[PDB]
$ cat structure.cif   # mmCIF, C-alpha atoms and all ligand atoms
data_my_file
#
loop_
_atom_site.label_atom_id
_atom_site.label_comp_id
_atom_site.auth_asym_id
_atom_site.auth_seq_id
_atom_site.Cartn_x
_atom_site.Cartn_y
_atom_site.Cartn_z
CA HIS S 154 7.86 -14.38 -42.03
CA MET S 155 9.95 -14.87 -45.20
CA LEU S 156 9.21 -16.74 -48.45
CA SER S 157 10.99 -20.08 -48.81
CA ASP S 158 13.26 -21.35 -51.59
CA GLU S 159 10.70 -23.71 -53.11
CA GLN S 160 8.10 -20.93 -53.03
CA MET S 161 10.63 -18.59 -54.66
CA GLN S 162 11.40 -21.07 -57.43
CA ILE S 163 7.67 -21.50 -58.11
CA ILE S 164 7.13 -17.74 -58.52
CA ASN S 165 10.23 -17.40 -60.72
CA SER S 166 9.16 -20.29 -62.96
CA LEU S 167 5.64 -18.95 -63.34
CA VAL S 168 6.78 -15.42 -64.16
CA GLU S 169 9.26 -16.77 -66.72
CA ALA S 170 6.57 -19.04 -68.19
CA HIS S 171 4.35 -16.00 -68.64
CA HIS S 172 7.10 -13.88 -70.20
CA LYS S 173 7.80 -16.69 -72.69
CA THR S 174 4.15 -16.95 -73.76
CA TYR S 175 2.90 -13.34 -73.68
CA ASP S 176 4.48 -10.96 -76.17
CA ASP S 177 3.83 -7.31 -75.25
CA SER S 178 4.56 -6.22 -78.85
CA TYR S 179 1.48 -8.00 -80.25
CA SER S 180 3.37 -8.15 -83.57
CA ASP S 181 2.01 -11.64 -84.30
CA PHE S 182 -1.46 -10.07 -84.61
CA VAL S 183 -0.85 -9.00 -88.22
CA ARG S 184 -0.84 -12.72 -89.09
CA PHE S 185 -4.51 -13.12 -88.16
CA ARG S 186 -7.35 -12.69 -90.61
CA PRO S 187 -7.86 -8.92 -90.54
CA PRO S 188 -10.56 -7.28 -88.41
CA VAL S 189 -13.63 -5.94 -90.21
CA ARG S 190 -15.95 -3.36 -88.66
CA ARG S 251 -23.10 -10.70 -90.38
CA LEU S 252 -20.34 -11.42 -87.84
CA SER S 253 -17.62 -9.39 -89.56
CA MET S 254 -15.29 -9.72 -86.53
CA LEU S 255 -15.53 -13.49 -86.05
CA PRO S 256 -12.57 -14.40 -88.34
CA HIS S 257 -10.20 -12.04 -86.55
CA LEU S 258 -11.36 -12.92 -83.02
CA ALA S 259 -11.37 -16.65 -83.79
CA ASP S 260 -7.73 -16.27 -84.90
CA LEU S 261 -6.92 -14.15 -81.81
CA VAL S 262 -8.44 -16.74 -79.46
CA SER S 263 -6.85 -19.67 -81.31
CA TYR S 264 -3.43 -18.02 -81.04
CA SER S 265 -4.09 -17.36 -77.35
CA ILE S 266 -5.04 -20.98 -76.70
CA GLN S 267 -1.62 -22.00 -78.03
CA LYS S 268 0.03 -19.53 -75.65
CA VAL S 269 -2.01 -20.84 -72.68
CA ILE S 270 -0.90 -24.37 -73.59
CA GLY S 271 2.73 -23.23 -73.56
CA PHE S 272 2.12 -21.56 -70.20
CA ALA S 273 0.48 -24.68 -68.73
CA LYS S 274 3.48 -26.81 -69.78
CA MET S 275 5.75 -24.68 -67.57
CA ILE S 276 3.57 -24.74 -64.45
CA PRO S 277 5.57 -26.86 -61.96
CA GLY S 278 3.87 -30.24 -61.65
CA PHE S 279 1.32 -29.82 -64.45
CA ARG S 280 3.39 -31.86 -66.92
CA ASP S 281 3.44 -34.78 -64.45
CA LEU S 282 -0.32 -35.29 -64.72
CA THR S 283 -1.67 -37.75 -67.25
CA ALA S 284 -2.20 -36.30 -70.71
CA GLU S 285 -5.93 -36.84 -70.24
CA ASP S 286 -6.07 -34.70 -67.09
CA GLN S 287 -3.95 -31.97 -68.71
CA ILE S 288 -6.36 -31.79 -71.65
CA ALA S 289 -9.44 -31.86 -69.40
CA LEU S 290 -7.95 -29.01 -67.33
CA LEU S 291 -7.01 -27.07 -70.45
CA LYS S 292 -10.36 -27.55 -72.18
CA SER S 293 -12.41 -26.50 -69.17
CA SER S 294 -10.25 -23.52 -68.22
CA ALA S 295 -8.95 -22.15 -71.55
CA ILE S 296 -11.53 -19.40 -71.95
CA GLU S 297 -11.00 -18.35 -68.33
CA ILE S 298 -7.20 -18.12 -68.67
CA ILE S 299 -7.76 -16.05 -71.82
CA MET S 300 -10.13 -13.69 -70.00
CA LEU S 301 -7.55 -13.33 -67.18
CA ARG S 302 -4.48 -12.89 -69.34
CA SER S 303 -6.34 -10.35 -71.50
CA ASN S 304 -6.53 -7.98 -68.52
CA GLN S 305 -2.93 -7.09 -69.38
CA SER S 306 -4.09 -5.36 -72.60
CA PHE S 307 -7.28 -3.95 -71.01
CA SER S 308 -7.37 -0.19 -70.37
CA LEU S 309 -9.59 1.66 -67.93
CA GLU S 310 -9.31 4.93 -69.88
CA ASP S 311 -10.60 3.32 -73.10
CA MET S 312 -12.69 0.50 -71.53
CA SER S 313 -11.32 -1.81 -74.22
CA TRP S 314 -8.39 -4.11 -74.99
CA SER S 315 -5.63 -2.22 -76.87
CA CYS S 316 -3.05 -4.42 -78.59
CA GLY S 317 -0.59 -2.13 -80.33
CA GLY S 318 -2.73 -0.36 -82.92
CA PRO S 319 -6.15 1.08 -83.69
CA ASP S 320 -6.87 -1.98 -85.86
CA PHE S 321 -6.21 -4.16 -82.81
CA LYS S 322 -8.27 -2.13 -80.33
CA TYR S 323 -11.23 -4.29 -79.28
CA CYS S 324 -14.30 -2.84 -77.60
CA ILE S 325 -17.64 -4.35 -76.60
CA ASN S 326 -19.15 -3.43 -79.97
CA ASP S 327 -16.48 -5.40 -81.85
CA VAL S 328 -17.31 -8.58 -79.96
CA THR S 329 -21.02 -8.37 -80.81
CA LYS S 330 -19.85 -8.57 -84.42
CA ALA S 331 -18.43 -11.98 -83.47
CA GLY S 332 -21.73 -13.51 -82.31
CA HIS S 333 -21.82 -12.52 -78.64
CA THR S 334 -24.35 -10.47 -76.73
CA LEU S 335 -24.38 -8.07 -73.81
CA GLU S 336 -25.39 -11.00 -71.57
CA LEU S 337 -21.72 -12.03 -71.77
CA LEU S 338 -19.91 -8.81 -72.68
CA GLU S 339 -21.35 -6.53 -70.00
CA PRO S 340 -20.26 -8.94 -67.20
CA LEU S 341 -16.97 -9.48 -69.01
CA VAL S 342 -15.98 -5.80 -68.97
CA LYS S 343 -17.07 -5.38 -65.35
CA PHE S 344 -14.78 -8.32 -64.58
CA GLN S 345 -11.90 -6.63 -66.42
CA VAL S 346 -12.52 -3.34 -64.58
CA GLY S 347 -12.67 -4.95 -61.14
CA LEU S 348 -9.61 -7.09 -61.87
CA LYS S 349 -7.73 -4.05 -63.17
CA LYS S 350 -8.53 -2.14 -59.98
CA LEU S 351 -6.99 -4.92 -57.85
CA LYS S 352 -3.56 -3.74 -59.06
CA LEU S 353 -2.13 -7.26 -59.03
CA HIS S 354 1.62 -7.63 -58.99
CA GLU S 355 2.86 -9.68 -61.93
CA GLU S 356 3.64 -12.51 -59.49
CA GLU S 357 0.02 -12.46 -58.25
CA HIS S 358 -1.35 -12.24 -61.80
CA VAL S 359 0.57 -15.30 -62.94
CA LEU S 360 -0.15 -17.25 -59.76
CA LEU S 361 -3.86 -16.65 -60.28
CA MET S 362 -3.67 -18.01 -63.84
CA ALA S 363 -1.89 -21.15 -62.62
CA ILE S 364 -4.43 -21.56 -59.79
CA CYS S 365 -7.33 -21.18 -62.22
CA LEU S 366 -5.80 -23.76 -64.58
CA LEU S 367 -5.03 -26.25 -61.80
CA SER S 368 -8.59 -26.32 -60.43
CA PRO S 369 -9.74 -29.87 -59.57
CA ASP S 370 -13.48 -29.03 -59.81
CA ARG S 371 -13.61 -29.47 -63.57
CA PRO S 372 -15.55 -32.01 -65.62
CA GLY S 373 -13.45 -34.85 -66.98
CA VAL S 374 -10.61 -34.84 -64.42
CA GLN S 375 -9.55 -38.20 -62.98
CA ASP S 376 -6.73 -37.62 -60.44
CA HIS S 377 -8.66 -35.12 -58.35
CA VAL S 378 -6.37 -35.59 -55.30
CA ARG S 379 -3.09 -34.84 -57.10
CA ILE S 380 -4.52 -31.79 -58.88
CA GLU S 381 -5.98 -30.33 -55.68
CA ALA S 382 -2.61 -30.81 -53.94
CA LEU S 383 -0.86 -28.90 -56.74
CA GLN S 384 -3.43 -26.10 -56.60
CA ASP S 385 -3.18 -26.00 -52.80
CA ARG S 386 0.58 -25.56 -53.08
CA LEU S 387 0.06 -22.56 -55.40
CA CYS S 388 -2.60 -21.00 -53.17
CA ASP S 389 -0.18 -21.21 -50.23
CA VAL S 390 2.52 -19.47 -52.29
CA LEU S 391 0.02 -16.79 -53.30
CA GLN S 392 -1.14 -16.31 -49.71
CA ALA S 393 2.43 -15.98 -48.42
CA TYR S 394 3.36 -13.60 -51.23
CA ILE S 395 0.39 -11.33 -50.50
CA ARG S 396 1.03 -11.29 -46.74
CA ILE S 397 4.76 -10.56 -47.04
CA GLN S 398 5.21 -8.60 -50.27
CA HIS S 399 1.96 -6.70 -50.95
CA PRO S 400 1.28 -3.70 -48.66
CA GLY S 401 -2.39 -3.46 -47.76
CA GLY S 402 -3.41 -6.84 -49.19
CA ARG S 403 -5.28 -8.04 -46.09
CA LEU S 404 -8.41 -8.64 -48.21
CA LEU S 405 -6.63 -9.34 -51.51
CA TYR S 406 -6.46 -13.14 -51.44
CA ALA S 407 -10.22 -13.31 -50.84
CA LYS S 408 -10.83 -10.82 -53.67
CA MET S 409 -8.78 -12.98 -56.04
CA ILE S 410 -10.63 -16.19 -55.11
CA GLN S 411 -13.85 -14.28 -55.81
CA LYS S 412 -12.53 -13.44 -59.29
CA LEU S 413 -12.18 -17.18 -59.90
CA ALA S 414 -15.91 -17.52 -59.20
CA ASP S 415 -16.61 -14.67 -61.61
CA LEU S 416 -14.66 -16.59 -64.26
CA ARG S 417 -16.82 -19.69 -63.72
CA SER S 418 -19.94 -17.62 -64.45
CA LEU S 419 -18.37 -16.05 -67.55
CA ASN S 420 -17.32 -19.52 -68.70
CA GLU S 421 -20.91 -20.77 -68.51
CA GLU S 422 -22.24 -17.79 -70.46
CA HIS S 423 -19.53 -17.98 -73.12
CA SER S 424 -20.14 -21.72 -73.53
CA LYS S 425 -23.88 -21.20 -73.94
CA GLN S 426 -23.29 -18.51 -76.57
CA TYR S 427 -20.47 -20.41 -78.29
CA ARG S 428 -22.80 -23.38 -78.73
CA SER S 429 -25.40 -21.24 -80.51
CA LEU S 430 -22.59 -19.92 -82.69
CA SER S 431 -20.81 -23.21 -83.44
CA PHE S 432 -23.92 -25.17 -84.41
CA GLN S 433 -24.43 -22.96 -87.50
CA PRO S 434 -22.20 -24.20 -90.37
CA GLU S 435 -21.77 -20.70 -91.83
CA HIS S 436 -20.23 -19.63 -88.51
CA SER S 437 -18.36 -22.75 -87.36
CA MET S 438 -16.64 -22.64 -90.77
CA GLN S 439 -15.01 -19.34 -89.77
CA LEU S 440 -13.45 -20.81 -86.60
CA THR S 441 -10.10 -22.58 -86.44
CA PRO S 442 -9.45 -26.31 -85.99
CA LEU S 443 -7.89 -25.68 -82.55
CA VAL S 444 -10.83 -23.55 -81.36
CA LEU S 445 -13.30 -26.21 -82.52
CA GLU S 446 -11.41 -28.90 -80.63
CA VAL S 447 -10.86 -26.97 -77.38
CA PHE S 448 -14.36 -25.50 -77.11
CA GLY S 449 -16.07 -28.58 -78.56
CA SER S 450 -18.06 -31.31 -76.84
CA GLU S 451 -15.97 -34.15 -78.35
CA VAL S 452 -14.86 -36.54 -75.62
CA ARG X 686 -9.56 -38.61 -78.93
CA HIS X 687 -8.52 -35.04 -79.85
CA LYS X 688 -6.25 -34.87 -82.90
CA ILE X 689 -4.55 -31.52 -82.26
CA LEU X 690 -4.47 -31.57 -78.44
CA UNK X 691 -2.70 -34.99 -78.55
CA UNK X 692 0.95 -31.07 -79.63
CA UNK X 693 -0.58 -32.01 -74.32
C1 LIG S 701 -7.02 -12.98 -76.37
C2 LIG S 701 -6.48 -12.06 -75.60
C3 LIG S 701 -6.77 -10.48 -75.79
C4 LIG S 701 -8.01 -9.92 -75.69
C5 LIG S 701 -9.23 -10.76 -75.18
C6 LIG S 701 -10.50 -10.37 -75.48
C7 LIG S 701 -10.84 -9.16 -76.31
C8 LIG S 701 -11.75 -9.50 -77.48
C9 LIG S 701 -12.90 -10.30 -77.13
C10 LIG S 701 -12.50 -11.56 -76.20
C11 LIG S 701 -11.58 -12.45 -77.06
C12 LIG S 701 -13.60 -12.54 -75.48
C13 LIG S 701 -14.48 -13.29 -76.51
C14 LIG S 701 -15.92 -13.17 -76.06
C15 LIG S 701 -14.13 -14.78 -76.65
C16 LIG S 701 -15.10 -15.44 -77.69
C17 LIG S 701 -14.30 -16.26 -78.76
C18 LIG S 701 -15.29 -17.08 -79.65
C19 LIG S 701 -15.72 -16.22 -80.85
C20 LIG S 701 -14.60 -18.35 -80.16
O1 LIG S 701 -16.42 -17.44 -78.91
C21 LIG S 701 -12.81 -13.37 -74.68
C22 LIG S 701 -11.47 -12.47 -74.33
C23 LIG S 701 -11.80 -11.11 -75.07
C24 LIG S 701 -5.56 -9.72 -76.26
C25 LIG S 701 -4.24 -10.08 -75.49
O2 LIG S 701 -4.35 -9.60 -74.14
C26 LIG S 701 -3.99 -11.50 -75.46
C27 LIG S 701 -5.19 -12.29 -74.84
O3 LIG S 701 -4.87 -13.68 -74.86
#
$ encode --input "structure.cif" --output "structure tokens" --more "lines below"
Ligand SMILES: C=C1/C(=C\C=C2/CCC[C@]3(C)[C@@H]([C@H](C)CCCC(C)(C)O)CC[C@@H]23)C[C@@H](O)C[C@@H]1O
Amino acid sequence: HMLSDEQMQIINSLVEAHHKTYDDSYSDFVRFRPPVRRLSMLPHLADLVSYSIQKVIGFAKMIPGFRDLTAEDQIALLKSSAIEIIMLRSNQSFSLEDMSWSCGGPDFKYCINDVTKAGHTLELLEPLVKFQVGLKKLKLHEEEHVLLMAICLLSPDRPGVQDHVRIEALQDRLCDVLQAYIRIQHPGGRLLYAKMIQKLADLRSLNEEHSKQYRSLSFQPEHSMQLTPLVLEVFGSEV
Amino acid sequence: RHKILXXX
């Protein structure tokens, strides 16, 4: 077959949305509290994640249909999925040769050891890197990468969502685009759609573990004080 | 209500 006009426009809009919210130069990173190598990396990684939440919000706003949901559903979707979108979009700076995220300098090269100096343990980080390796080996086209972020964000099985029918219909429309793209445009992707759906289930498990560990972190005033207001709101339990 | 999330 052949991809349709509406499917084409969706892909174009999502790729443009990603290009507008992901800056390959990483030059904004000098504006964060500097990295230091008791939780010497938490200020820098809190700033990195806070910055990235703002980018994911800008991305969400350009997903076709997302802005038509109620503000409450948008926020519910964003709050539940933010850490997952961040884990996905970070694959773009992840390197197999270094087994770390490299963002334009040795100061902004993040390995597993750096994240333990931000309060997290191998219970999260070991699965997280295996996720990055397996996702890197999928060799996603940019179109697929951005579709998967939009699909992850538009999941209806999140706590706090009201219009479950409308959100599932949006997500279904993106899955169909992704399935048609893989069939037509990606040589040898017979098993790829299923592998990408499986990555979404990996993300759910990494979300749970991050949330557990974030709670232990954020309940200590000496540590929550080093977070940012946006991180506290997005990852918080306030309803 | 969320103060900052009300830039949704
Ligand atoms: C941000 C992004 C990048 C790396 C993501 C990383 C590397 C460092 C450790 C991170 C940030 C994980 C941390 C365990 C998240 C914990 C944050 C907190 C301390 C608040 O609990 C999640 C994603 C990992 C860089 C760039 O790709 C933009 C992307 O957007």
$ interface_residues --input "structure.cif" --of "chain X" --to "chain S" --cutoff "7 Å" --atoms "all atoms listed in the file" --output "ChimeraX atom specification"
/X:686-687,689,693
$ residues_near_ligand --input "structure.cif" --ligand "ligand LIG 701 (chain S)" --cutoff "6 Å" --atoms "all atoms listed in the file" --output "CSV table (one decimal) with C-alpha atoms, in the coordinates of the input"
chain,number,residue,atom,x,y,z
S,255,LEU,CA,-15.5,-13.5,-86.0
S,258,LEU,CA,-11.4,-12.9,-83.0
S,259,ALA,CA,-11.4,-16.6,-83.8
S,261,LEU,CA,-6.9,-14.2,-81.8
S,262,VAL,CA,-8.4,-16.7,-79.5
S,265,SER,CA,-4.1,-17.4,-77.4
S,299,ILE,CA,-7.8,-16.0,-71.8
S,300,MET,CA,-10.1,-13.7,-70.0
S,302,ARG,CA,-4.5,-12.9,-69.3
S,303,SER,CA,-6.3,-10.4,-71.5
S,305,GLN,CA,-2.9,-7.1,-69.4
S,306,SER,CA,-4.1,-5.4,-72.6
S,314,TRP,CA,-8.4,-4.1,-75.0
S,323,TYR,CA,-11.2,-4.3,-79.3
S,328,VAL,CA,-17.3,-8.6,-80.0
S,331,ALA,CA,-18.4,-12.0,-83.5
S,427,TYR,CA,-20.5,-20.4,-78.3
$ residues_around --input "structure.cif" --residues "range 429-435 of chain S" --least-positions-apart "6" --cutoff "12 Å" --atoms "all atoms listed in the file" --output "PyMOL selection string"
chain S and resi 251-252+255-256+259+329-334+422-423+441+444-446+448-450
$ atom_distance --input "structure.cif" --atom1 "CA of residue 362 in chain S" --atom2 "CA of residue 301 in chain S"
6.9 Å
$ atom_distance --input "structure.cif" --atom1 "CA of residue 691 in chain X" --atom2 "CA of residue 263 in chain S"
16.1 Å
$ closest_residue --input "structure.cif" --among "S:278, S:372, S:402, S:187" --to "residue 357 in chain S" --atoms "only C-alpha atoms"
S:402
$ atom_distance --input "structure.cif" --atom1 "CA of residue 379 in chain S" --atom2 "CA of residue 174 in chain S"
25.5 Å
$ closest_residue --input "structure.cif" --among "S:380, S:335, S:325, S:309" --to "residue 350 in chain S" --atoms "all atoms listed in the file"
S:309
